[PDB]
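The file data26.pdb comes next; it holds PDB, N, CA and C atoms.
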ATOM      1  N   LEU A   1       0.827  -1.203   0.000
ATOM      2  CA  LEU A   1       0.000   0.000   0.000
ATOM      3  C   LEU A   1       0.862   1.254   0.000
ATOM      4  N   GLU A   2       1.923   1.265   0.808
ATOM      5  CA  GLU A   2       2.820   2.414   0.827
ATOM      6  C   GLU A   2       3.479   2.614  -0.530
ATOM      7  N   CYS A   3       3.854   1.520  -1.193
ATOM      8  CA  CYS A   3       4.554   1.615  -2.467
ATOM      9  C   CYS A   3       3.640   1.974  -3.630
ATOM     10  N   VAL A   4       2.338   1.747  -3.508
ATOM     11  CA  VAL A   4       1.410   1.922  -4.619
ATOM     12  C   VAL A   4       0.529   3.134  -4.352
ATOM     13  N   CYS A   5       0.085   3.770  -5.433
ATOM     14  CA  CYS A   5      -0.730   4.969  -5.308
ATOM     15  C   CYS A   5      -2.078   4.640  -4.684
ATOM     16  N   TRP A   6      -2.616   5.600  -3.932
ATOM     17  CA  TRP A   6      -3.845   5.361  -3.188
ATOM     18  C   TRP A   6      -5.074   5.341  -4.088
ATOM     19  N   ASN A   7      -5.020   6.006  -5.243
ATOM     20  CA  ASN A   7      -6.201   6.197  -6.075
ATOM     21  C   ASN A   7      -6.120   5.433  -7.390
ATOM     22  N   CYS A   8      -5.088   5.666  -8.198
ATOM     23  CA  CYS A   8      -4.964   4.966  -9.469
ATOM     24  C   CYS A   8      -4.315   3.598  -9.322
ATOM     25  N   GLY A   9      -3.707   3.310  -8.175
ATOM     26  CA  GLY A   9      -3.100   2.016  -7.950
ATOM     27  C   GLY A   9      -1.819   1.773  -8.709
ATOM     28  N   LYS A  10      -1.209   2.809  -9.274
ATOM     29  CA  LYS A  10       0.035   2.658 -10.012
ATOM     30  C   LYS A  10       1.224   2.932  -9.101
ATOM     31  N   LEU A  11       2.355   2.311  -9.427
ATOM     32  CA  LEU A  11       3.573   2.553  -8.670
ATOM     33  C   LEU A  11       3.908   4.037  -8.671
ATOM     34  N   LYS A  12       4.314   4.540  -7.505
ATOM     35  CA  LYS A  12       4.638   5.952  -7.375
ATOM     36  C   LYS A  12       5.898   6.333  -8.141
ATOM     37  N   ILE A  13       6.695   5.359  -8.572
ATOM     38  CA  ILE A  13       7.967   5.620  -9.236
ATOM     39  C   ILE A  13       8.056   4.761 -10.491
ATOM     40  N   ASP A  14       8.834   5.228 -11.460
ATOM     41  CA  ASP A  14       9.024   4.568 -12.744
ATOM     42  C   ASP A  14      10.523   4.479 -13.036
ATOM     43  N   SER A  15      10.862   3.975 -14.225
ATOM     44  CA  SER A  15      12.257   3.880 -14.642
ATOM     45  C   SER A  15      12.942   5.237 -14.746
ATOM     46  N   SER A  16      12.194   6.340 -14.655
ATOM     47  CA  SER A  16      12.807   7.659 -14.758
ATOM     48  C   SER A  16      13.851   7.874 -13.669
ATOM     49  N   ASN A  17      13.538   7.487 -12.442
ATOM     50  CA  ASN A  17      14.463   7.687 -11.335
ATOM     51  C   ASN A  17      15.601   6.673 -11.419
ATOM     52  N   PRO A  18      16.865   7.112 -11.412
ATOM     53  CA  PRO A  18      17.962   6.131 -11.417
ATOM     54  C   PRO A  18      17.935   5.205 -10.216
ATOM     55  N   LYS A  19      17.523   5.712  -9.051
ATOM     56  CA  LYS A  19      17.402   4.860  -7.875
ATOM     57  C   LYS A  19      16.431   3.715  -8.126
ATOM     58  N   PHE A  20      15.381   3.960  -8.914
ATOM     59  CA  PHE A  20      14.439   2.893  -9.230
ATOM     60  C   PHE A  20      15.124   1.756  -9.975
ATOM     61  N   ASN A  21      15.938   2.078 -10.981
ATOM     62  CA  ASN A  21      16.654   1.028 -11.698
ATOM     63  C   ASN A  21      17.682   0.354 -10.797
ATOM     64  N   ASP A  22      18.329   1.129  -9.922
ATOM     65  CA  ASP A  22      19.260   0.536  -8.969
ATOM     66  C   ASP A  22      18.564  -0.521  -8.122
ATOM     67  N   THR A  23      17.354  -0.218  -7.647
ATOM     68  CA  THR A  23      16.562  -1.220  -6.938
ATOM     69  C   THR A  23      16.197  -2.383  -7.854
ATOM     70  N   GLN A  24      15.807  -2.084  -9.096
ATOM     71  CA  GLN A  24      15.434  -3.127 -10.046
ATOM     72  C   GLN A  24      16.574  -4.099 -10.307
ATOM     73  N   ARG A  25      17.818  -3.690 -10.049
ATOM     74  CA  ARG A  25      18.945  -4.598 -10.239
ATOM     75  C   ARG A  25      18.766  -5.899  -9.465
ATOM     76  N   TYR A  26      18.130  -5.842  -8.298
ATOM     77  CA  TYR A  26      18.047  -7.015  -7.437
ATOM     78  C   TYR A  26      17.246  -8.126  -8.106
ATOM     79  N   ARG A  27      17.744  -9.357  -7.974
ATOM     80  CA  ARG A  27      17.104 -10.521  -8.573
ATOM     81  C   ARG A  27      16.078 -11.158  -7.643
ATOM     82  N   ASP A  28      16.362 -11.191  -6.347
ATOM     83  CA  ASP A  28      15.423 -11.769  -5.394
ATOM     84  C   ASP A  28      14.166 -10.906  -5.331
ATOM     85  N   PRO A  29      12.971 -11.481  -5.504
ATOM     86  CA  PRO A  29      11.762 -10.643  -5.436
ATOM     87  C   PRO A  29      11.608  -9.919  -4.110
ATOM     88  N   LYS A  30      11.964 -10.563  -2.996
ATOM     89  CA  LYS A  30      11.824  -9.917  -1.695
ATOM     90  C   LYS A  30      12.750  -8.713  -1.579
ATOM     91  N   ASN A  31      14.007  -8.866  -2.004
ATOM     92  CA  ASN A  31      14.943  -7.749  -1.940
ATOM     93  C   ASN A  31      14.507  -6.616  -2.858
ATOM     94  N   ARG A  32      14.024  -6.953  -4.054
ATOM     95  CA  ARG A  32      13.525  -5.927  -4.961
ATOM     96  C   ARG A  32      12.363  -5.170  -4.337
ATOM     97  N   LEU A  33      11.429  -5.889  -3.712
ATOM     98  CA  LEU A  33      10.316  -5.217  -3.053
ATOM     99  C   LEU A  33      10.808  -4.318  -1.929
ATOM    100  N   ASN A  34      11.751  -4.805  -1.122
ATOM    101  CA  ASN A  34      12.267  -3.996  -0.023
ATOM    102  C   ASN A  34      12.893  -2.711  -0.545
ATOM    103  N   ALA A  35      13.702  -2.815  -1.599
ATOM    104  CA  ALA A  35      14.360  -1.633  -2.147
ATOM    105  C   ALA A  35      13.345  -0.656  -2.730
ATOM    106  N   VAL A  36      12.401  -1.161  -3.525
ATOM    107  CA  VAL A  36      11.418  -0.282  -4.148
ATOM    108  C   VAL A  36      10.578   0.407  -3.081
ATOM    109  N   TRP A  37      10.174  -0.332  -2.046
ATOM    110  CA  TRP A  37       9.403   0.271  -0.967
ATOM    111  C   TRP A  37      10.222   1.307  -0.212
ATOM    112  N   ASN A  38      11.502   1.024   0.037
ATOM    113  CA  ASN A  38      12.341   1.996   0.726
ATOM    114  C   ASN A  38      12.428   3.289  -0.068
ATOM    115  N   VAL A  39      12.520   3.183  -1.394
ATOM    116  CA  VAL A  39      12.581   4.385  -2.219
ATOM    117  C   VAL A  39      11.228   5.098  -2.240
ATOM    118  N   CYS A  40      10.130   4.343  -2.319
ATOM    119  CA  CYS A  40       8.809   4.915  -2.561
ATOM    120  C   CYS A  40       8.069   5.326  -1.294
ATOM    121  N   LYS A  41       8.564   4.963  -0.111
ATOM    122  CA  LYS A  41       7.870   5.330   1.117
ATOM    123  C   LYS A  41       7.980   6.815   1.431
ATOM    124  N   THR A  42       8.830   7.550   0.716
ATOM    125  CA  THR A  42       8.921   8.994   0.884
ATOM    126  C   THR A  42       8.042   9.755  -0.100
ATOM    127  N   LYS A  43       7.818   9.209  -1.294
ATOM    128  CA  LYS A  43       7.001   9.880  -2.301
ATOM    129  C   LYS A  43       5.559   9.961  -1.815
ATOM    130  N   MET A  44       5.127  11.157  -1.425
ATOM    131  CA  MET A  44       3.783  11.370  -0.903
ATOM    132  C   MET A  44       2.793  11.831  -1.964
ATOM    133  N   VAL A  45       3.219  11.971  -3.216
ATOM    134  CA  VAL A  45       2.343  12.403  -4.298
ATOM    135  C   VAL A  45       2.636  11.551  -5.524
ATOM    136  N   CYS A  46       1.579  11.086  -6.184
ATOM    137  CA  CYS A  46       1.731  10.270  -7.385
ATOM    138  C   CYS A  46       2.307  11.131  -8.501
ATOM    139  N   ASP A  47       3.592  10.945  -8.795
ATOM    140  CA  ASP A  47       4.261  11.791  -9.773
ATOM    141  C   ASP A  47       3.592  11.661 -11.135
ATOM    142  N   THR A  48       3.416  12.796 -11.808
ATOM    143  CA  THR A  48       2.796  12.842 -13.124
ATOM    144  C   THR A  48       3.820  12.873 -14.250
ATOM    145  N   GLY A  49       5.093  12.625 -13.946
ATOM    146  CA  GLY A  49       6.134  12.622 -14.948
ATOM    147  C   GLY A  49       6.665  13.986 -15.322
ATOM    148  N   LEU A  50       6.168  15.051 -14.700
ATOM    149  CA  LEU A  50       6.593  16.418 -14.987
ATOM    150  C   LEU A  50       7.384  16.922 -13.785
ATOM    151  N   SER A  51       8.709  16.842 -13.874
ATOM    152  CA  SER A  51       9.575  17.277 -12.784
ATOM    153  C   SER A  51       9.541  18.797 -12.691
ATOM    154  N   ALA A  52       8.988  19.314 -11.596
ATOM    155  CA  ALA A  52       8.911  20.753 -11.383
ATOM    156  C   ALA A  52      10.198  21.237 -10.730
ATOM    157  N   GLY A  53      10.948  22.073 -11.445
ATOM    158  CA  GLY A  53      12.213  22.576 -10.947
ATOM    159  C   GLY A  53      13.267  22.685 -12.029
ATOM    160  N   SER A  54      13.047  22.001 -13.152
ATOM    161  CA  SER A  54      13.953  22.038 -14.294
ATOM    162  C   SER A  54      13.318  22.901 -15.380
ATOM    163  N   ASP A  55      13.888  24.081 -15.603
ATOM    164  CA  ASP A  55      13.380  25.021 -16.593
ATOM    165  C   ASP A  55      13.979  24.812 -17.978
ATOM    166  N   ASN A  56      14.964  23.927 -18.116
ATOM    167  CA  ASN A  56      15.626  23.700 -19.397
ATOM    168  C   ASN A  56      14.789  22.736 -20.225
ATOM    169  N   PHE A  57      14.224  23.233 -21.323
ATOM    170  CA  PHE A  57      13.378  22.430 -22.205
ATOM    171  C   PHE A  57      14.255  21.883 -23.323
ATOM    172  N   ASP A  58      14.821  20.701 -23.092
ATOM    173  CA  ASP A  58      15.734  20.077 -24.045
ATOM    174  C   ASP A  58      14.921  19.396 -25.140
ATOM    175  N   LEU A  59      14.988  19.937 -26.354
ATOM    176  CA  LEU A  59      14.307  19.361 -27.505
ATOM    177  C   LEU A  59      15.191  18.414 -28.305
ATOM    178  N   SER A  60      16.472  18.286 -27.946
ATOM    179  CA  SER A  60      17.369  17.423 -28.707
ATOM    180  C   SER A  60      17.106  15.949 -28.429
ATOM    181  N   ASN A  61      16.718  15.609 -27.201
ATOM    182  CA  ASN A  61      16.442  14.228 -26.806
ATOM    183  C   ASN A  61      15.054  14.169 -26.183
ATOM    184  N   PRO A  62      14.006  14.028 -27.001
ATOM    185  CA  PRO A  62      12.648  13.914 -26.443
ATOM    186  C   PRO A  62      12.411  12.623 -25.680
ATOM    187  N   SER A  63      13.347  11.672 -25.735
ATOM    188  CA  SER A  63      13.163  10.359 -25.131
ATOM    189  C   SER A  63      13.037  10.405 -23.614
ATOM    190  N   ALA A  64      13.391  11.520 -22.975
ATOM    191  CA  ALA A  64      13.408  11.620 -21.522
ATOM    192  C   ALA A  64      12.255  12.455 -20.973
ATOM    193  N   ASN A  65      11.054  12.334 -21.552
ATOM    194  CA  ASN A  65       9.919  13.147 -21.122
ATOM    195  C   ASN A  65       8.626  12.345 -20.997
ATOM    196  N   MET A  66       8.662  11.027 -21.201
ATOM    197  CA  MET A  66       7.452  10.203 -21.133
ATOM    198  C   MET A  66       7.310   9.676 -19.710
ATOM    199  N   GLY A  67       6.462  10.335 -18.924
ATOM    200  CA  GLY A  67       6.119   9.816 -17.620
ATOM    201  C   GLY A  67       5.152   8.651 -17.706
ATOM    202  N   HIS A  68       5.085   7.887 -16.615
ATOM    203  CA  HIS A  68       4.172   6.752 -16.557
ATOM    204  C   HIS A  68       2.706   7.168 -16.587
ATOM    205  N   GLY A  69       2.400   8.446 -16.376
ATOM    206  CA  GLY A  69       1.036   8.924 -16.491
ATOM    207  C   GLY A  69       0.292   8.962 -15.172
ATOM    208  N   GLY A  70       0.956   9.440 -14.122
ATOM    209  CA  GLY A  70       0.337   9.473 -12.816
ATOM    210  C   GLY A  70      -0.823  10.447 -12.750
ATOM    211  N   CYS A  71      -1.593  10.334 -11.666
ATOM    212  CA  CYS A  71      -2.767  11.169 -11.453
ATOM    213  C   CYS A  71      -2.534  12.292 -10.450
ATOM    214  N   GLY A  72      -1.390  12.314  -9.773
ATOM    215  CA  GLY A  72      -1.082  13.403  -8.866
ATOM    216  C   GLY A  72      -1.788  13.356  -7.531
ATOM    217  N   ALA A  73      -2.511  12.281  -7.231
ATOM    218  CA  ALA A  73      -3.242  12.206  -5.976
ATOM    219  C   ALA A  73      -2.282  12.203  -4.793
ATOM    220  N   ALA A  74      -2.660  12.915  -3.734
ATOM    221  CA  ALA A  74      -1.856  12.931  -2.523
ATOM    222  C   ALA A  74      -1.866  11.556  -1.868
ATOM    223  N   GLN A  75      -0.710  11.161  -1.307
ATOM    224  CA  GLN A  75      -0.599   9.844  -0.703
ATOM    225  C   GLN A  75      -0.673   9.940   0.817
ATOM    226  N   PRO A  76      -1.175   8.908   1.493
ATOM    227  CA  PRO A  76      -1.267   8.949   2.951
ATOM    228  C   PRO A  76      -0.050   8.331   3.625
ATOM    229  N   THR A  77       0.053   8.587   4.925
ATOM    230  CA  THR A  77       1.000   7.881   5.776
ATOM    231  C   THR A  77       0.251   6.746   6.460
ATOM    232  N   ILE A  78       0.765   5.526   6.321
ATOM    233  CA  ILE A  78       0.077   4.323   6.774
ATOM    234  C   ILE A  78       0.735   3.842   8.057
ATOM    235  N   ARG A  79      -0.080   3.620   9.085
ATOM    236  CA  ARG A  79       0.393   3.148  10.377
ATOM    237  C   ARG A  79      -0.419   1.935  10.806
ATOM    238  N   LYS A  80       0.222   1.065  11.581
ATOM    239  CA  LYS A  80      -0.385  -0.172  12.052
ATOM    240  C   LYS A  80      -0.896   0.018  13.474
ATOM    241  N   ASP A  81      -2.144  -0.387  13.713
ATOM    242  CA  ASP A  81      -2.785  -0.286  15.023
ATOM    243  C   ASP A  81      -3.443  -1.635  15.292
ATOM    244  N   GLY A  82      -2.688  -2.551  15.893
ATOM    245  CA  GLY A  82      -3.180  -3.894  16.121
ATOM    246  C   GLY A  82      -3.514  -4.604  14.827
ATOM    247  N   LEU A  83      -4.804  -4.803  14.570
ATOM    248  CA  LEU A  83      -5.276  -5.440  13.350
ATOM    249  C   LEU A  83      -5.789  -4.435  12.327
ATOM    250  N   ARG A  84      -5.567  -3.142  12.552
ATOM    251  CA  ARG A  84      -6.079  -2.092  11.687
ATOM    252  C   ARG A  84      -4.937  -1.320  11.041
ATOM    253  N   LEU A  85      -5.265  -0.660   9.936
ATOM    254  CA  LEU A  85      -4.370   0.265   9.260
ATOM    255  C   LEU A  85      -5.009   1.645   9.247
ATOM    256  N   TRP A  86      -4.210   2.668   9.536
ATOM    257  CA  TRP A  86      -4.671   4.049   9.563
ATOM    258  C   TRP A  86      -3.906   4.848   8.521
ATOM    259  N   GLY A  87      -4.632   5.599   7.697
ATOM    260  CA  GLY A  87      -4.038   6.448   6.681
ATOM    261  C   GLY A  87      -4.263   7.913   7.016
ATOM    262  N   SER A  88      -3.160   8.657   7.102
ATOM    263  CA  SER A  88      -3.185  10.073   7.454
ATOM    264  C   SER A  88      -2.696  10.888   6.263
ATOM    265  N   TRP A  89      -3.614  11.632   5.649
ATOM    266  CA  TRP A  89      -3.282  12.564   4.581
ATOM    267  C   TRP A  89      -2.755  13.867   5.161
ATOM    268  N   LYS A  90      -1.763  14.446   4.487
ATOM    269  CA  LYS A  90      -1.248  15.772   4.805
ATOM    270  C   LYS A  90      -1.321  16.635   3.554
ATOM    271  N   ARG A  91      -1.846  17.849   3.701
ATOM    272  CA  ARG A  91      -2.067  18.756   2.583
ATOM    273  C   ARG A  91      -1.198  19.995   2.735
ATOM    274  N   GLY A  92      -0.473  20.336   1.673
ATOM    275  CA  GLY A  92       0.255  21.585   1.621
ATOM    276  C   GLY A  92       1.362  21.677   2.660
ATOM    277  N   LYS A  93       1.960  22.867   2.712
ATOM    278  CA  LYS A  93       3.019  23.164   3.664
ATOM    279  C   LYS A  93       2.506  23.790   4.952
ATOM    280  N   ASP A  94       1.321  24.398   4.928
ATOM    281  CA  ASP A  94       0.774  25.017   6.127
ATOM    282  C   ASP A  94       0.598  23.974   7.222
ATOM    283  N   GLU A  95       1.048  24.314   8.430
ATOM    284  CA  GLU A  95       0.968  23.399   9.561
ATOM    285  C   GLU A  95      -0.353  23.496  10.311
ATOM    286  N   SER A  96      -1.192  24.487   9.997
ATOM    287  CA  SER A  96      -2.478  24.617  10.670
ATOM    288  C   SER A  96      -3.502  23.608  10.166
ATOM    289  N   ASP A  97      -3.275  23.012   8.999
ATOM    290  CA  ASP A  97      -4.228  22.070   8.426
ATOM    291  C   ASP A  97      -4.030  20.698   9.057
ATOM    292  N   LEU A  98      -5.034  20.236   9.790
ATOM    293  CA  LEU A  98      -4.951  18.928  10.427
ATOM    294  C   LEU A  98      -4.913  17.836   9.363
ATOM    295  N   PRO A  99      -4.028  16.846   9.479
ATOM    296  CA  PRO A  99      -4.067  15.727   8.534
ATOM    297  C   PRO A  99      -5.364  14.943   8.672
ATOM    298  N   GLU A 100      -5.837  14.407   7.548
ATOM    299  CA  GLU A 100      -7.080  13.640   7.519
ATOM    300  C   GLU A 100      -6.758  12.185   7.838
ATOM    301  N   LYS A 101      -7.213  11.714   8.996
ATOM    302  CA  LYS A 101      -6.923  10.364   9.464
ATOM    303  C   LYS A 101      -8.162   9.496   9.275
ATOM    304  N   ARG A 102      -8.034   8.445   8.465
ATOM    305  CA  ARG A 102      -9.146   7.545   8.204
ATOM    306  C   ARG A 102      -8.685   6.097   8.294
ATOM    307  N   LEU A 103      -9.602   5.245   8.740
ATOM    308  CA  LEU A 103      -9.341   3.816   8.810
ATOM    309  C   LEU A 103      -9.300   3.215   7.411
TER     310      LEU A 103
END
Go through the file and emit its structure as structure tokens.
Amino acid sequence: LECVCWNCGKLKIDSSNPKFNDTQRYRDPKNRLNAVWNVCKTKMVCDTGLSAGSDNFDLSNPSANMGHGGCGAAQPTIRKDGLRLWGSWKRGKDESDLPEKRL
């Protein structure tokens, strides 16, 4: 659940991130899952393939602009409570907004 998007169900990360391929190197399925989850447990938003922060529009190599097609939905923080799972959404940078906690 942490590794997968909450709404579209797609992986939060794609081959775009070099760390993703570094994790993909692993042959054991368990180790691959551990690595991918370790990388993806920080991504709180389903990336839409548009890296915000790079203003250089390189037209020489269009091959590096095809995102997996994410929906941008905010991701929750998942915690274990006995036999239950709790998901806490956090919105924006403002600290006055209480996170939305749902079972």
> Within 7 Å of residue 100 in chain A, counting all atoms listed in the file, which residues qualify if same-chain residues fewer than 2 places away don't, as JSON, numbers by chain?
Replying inline: {"A": [87, 88, 89, 90, 91, 97, 98, 102]}
Fewer than 6 positions away in the same chain doesn't count, so skip those; otherwise give me all residues within 12 Å of residue 33 in chain A, counting only C-alpha atoms, as an MDAnalysis selection string. chainID A and resid 1:4 11 20 23:27 39:41
Problem set entry | Hits of the PyMOL selection byres (((chain A and resi 73-80 and name CA) around 7) and name CA) in this structure, as a PyMOL selection string | chain A and resi 2+5-7+44-46+71-72+81-82+84-89
Quiz prompt | Test item: the PyMOL selection byres (((chain A and resi 69 and name CA) around 9) and name CA) resolved as a VMD selection string | solution = chain A and resid 47 to 49 66 to 68 70 to 71
I'd like to know which residues of chain A are alpha helix (DSSP H) (by DSSP, run on the backbone); could you write them as a PyMOL selection string? chain A and resi 18-24+29-40
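Of the residues under consideration (A:50, A:92, A:21, A:35), A:50 shows the shortest atom-to-atom contact distance to residue 65 in chain A when counting all atoms listed in the file.
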In Å and to one decimal, atom C of residue 43 in chain A is distant from CA of residue 12 in chain A by 6.9 Å
Box for range 84-100 of chain A: with edges along x, y and z, all listed atoms inside and 6 Å added on each side, what are the centre and edge lengths in Å to one decimal, as lines of an AutoDock Vina configuration file?
center_x = -2.0
center_y = 10.9
center_z = 7.1
size_x = 22.1
size_y = 40.2
size_z = 22.9
task: Tell me, in Å to one decimal, how far CA of residue 42 in chain A is from CA of residue 83 in chain A.
output: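 Rounded to one decimal, the two atoms are 23.8 Å apart.
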Restricting to only C-alpha atoms, whichever of A:51, A:99, A:8, A:38 is closest to residue 22 in chain A is A:38
Item to complete: as a list in words, list the residues of chain A assigned to strand (DSSP E or B) by DSSP on the backbone atoms of this structure.
Response: residues 4, 11, 45, 74, 77, 78, 79, 80, 81, 84, 85, 86, 87, 88, 89, 100, 101 and 102 of chain A
What separates CA of residue 16 in chain A and CA of residue 93 in chain A is a distance of 26.0 Å
